[PDB]
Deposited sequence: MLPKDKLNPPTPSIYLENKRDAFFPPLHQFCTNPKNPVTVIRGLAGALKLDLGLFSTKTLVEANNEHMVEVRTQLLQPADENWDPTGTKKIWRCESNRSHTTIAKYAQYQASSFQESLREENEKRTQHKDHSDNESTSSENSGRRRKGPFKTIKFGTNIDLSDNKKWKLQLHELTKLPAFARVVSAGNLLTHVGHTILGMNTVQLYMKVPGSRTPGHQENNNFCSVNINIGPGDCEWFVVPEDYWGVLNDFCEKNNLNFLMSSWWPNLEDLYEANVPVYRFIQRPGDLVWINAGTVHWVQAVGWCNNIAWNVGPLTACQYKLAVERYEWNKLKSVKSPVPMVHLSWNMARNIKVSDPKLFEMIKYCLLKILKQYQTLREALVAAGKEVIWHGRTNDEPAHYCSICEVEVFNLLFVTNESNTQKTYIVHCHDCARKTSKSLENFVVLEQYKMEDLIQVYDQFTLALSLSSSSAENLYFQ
């Protein structure tokens, strides 16, 4: 079917008015659009892309760390086994570190070399290439001008904004509410994935070359998960590059398009995607969490799925839910009922545990909280832990307060004789927040 190769939802901006036009915001967050390509974005806003050129970055922080992926240069949209025999899903992506200065040297000399090949005139085997990925631009003192340029974007797409759920977590989540940079040569691949906890993502191509994108809607993610399982791959943790013929045969639609310098790509909640550089270019990217029922629902789903798969959630959805009820007026009836439901579940499970502890003679110690103190995760199994913290007698004594979840502490110390129970929030306080959380009226 032509329905298996659908057109890409696109918007062409000419000027600042197109960029601040409110229906643009509604178009991007609409669940029917798995991806939106906003063409001409940097031009419309007069964004100085030159601030993210390799030359500028070398000048600013030449010793900054780069994660290198070493890959094979593959033809077009395919991925072949090393021998050139069959197309397969597993893709080779070996890891190391370098600096901005050293990758730049390779980026530049790579281009000079293809110029000379182009003037030499005249199934693999395939060449090897290096991709500079996940460069951390969180530091405002190292990247002042770079980060300031991005405040020129319309609010809904900014790293920081009042309507962005990630802004209400109350703490930095590296790569999500901070900017990441990518430095590329042709063939550089970002393999198939969903965003962390299914949050939306924003990507701007700095240029000068293009990137080619492949996109699959959220509700087909299960099919791709089955493919991975059948091919001995972990959907969440392995590197894989889908066989397009396998997908067409399984009746999975695939969006495909080119991102040019200055184009902004909006990846909607839960959308599955993978990317390769066609030319020489840099990209920047981060996440955004719109206040919609669909975004919250999908984030919670992946949060629960991550527990089953023994994978840590970078977004602490329990802490976030309480922050919302504490500080945000919610006027969408569906979204409100979702949050209220989750808080109720958290509260009941917490009340159930606290009473079992008390019935069994275990002391609960008032420990409280400092402000801007992150959510805590279990030092053993890395699940989020809320309110009741399990700390060893020794770690308590030394005031290191190393956190365990209840189950991990029990597996170590059968009657918890090796632990103290620390409580961060009074129950009366939590009941109050829940009870005062009501649906706000909006006429929109």
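No C-alpha positions are given in the record for the deposited-sequence stretches 1 to 3, 126 to 146, 469 to 478.
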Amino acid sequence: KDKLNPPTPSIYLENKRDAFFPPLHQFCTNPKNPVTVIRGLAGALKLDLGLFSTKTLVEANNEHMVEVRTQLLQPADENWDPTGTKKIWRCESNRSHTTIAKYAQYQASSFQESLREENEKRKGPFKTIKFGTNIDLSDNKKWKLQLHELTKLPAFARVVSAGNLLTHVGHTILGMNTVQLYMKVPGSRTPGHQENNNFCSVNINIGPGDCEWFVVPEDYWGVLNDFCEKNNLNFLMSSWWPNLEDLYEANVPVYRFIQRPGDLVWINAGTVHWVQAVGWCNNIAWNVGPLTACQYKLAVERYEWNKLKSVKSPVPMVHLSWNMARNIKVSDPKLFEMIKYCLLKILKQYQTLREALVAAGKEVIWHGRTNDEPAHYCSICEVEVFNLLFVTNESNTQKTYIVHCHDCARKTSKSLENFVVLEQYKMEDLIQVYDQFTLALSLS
From here on, numbers count along this sequence of modelled residues.
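Think of the rigid core as the biggest set of C-alphas that the two forms share within 1.5 Å after superposition.
In a rigid core superposition of the other structures in 7 other deposited structures of this protein, 343 to 351 and 366 to 374 differ in how far their CA atoms stray, and the farther one is 366 to 374. Modelling of residue 121 is missing from a third or more of the other compared entries in which both of its neighbours are modelled. Of the two segments, 98 to 106 and 240 to 248, the one listed with the higher mean B-factor is 240 to 248 (C-alpha atoms only). Relative to one another, 197 to 205 and 368 to 376 have unequal mean CA B-factors, and 368 to 376 is the one with the higher figure.
For the set 296, 227, 286, 131, the maximum C-alpha B-factor listed in the entry falls on 227. For the set 184, 319, 329, 345, the PDB entry assigns the largest Cα B-factor to 329.
Looking at the C-alpha B-factors along this chain, the one for residue 69 belongs to the lowest third.
When the modelled residues of the chain are ordered by their C-alpha B factor, residue 419 lands in the middle third.
When the CA B factors of the chain's modelled residues are split into thirds, the value for residue 141 lands in the highest one. Sort the chain's modelled residues by C-alpha temperature factor and residue 63 lands in the highest third, per the entry.
In this PDB entry, residue 35 carries a Cα temperature factor that places it within the lowest third of its chain's modelled residues.
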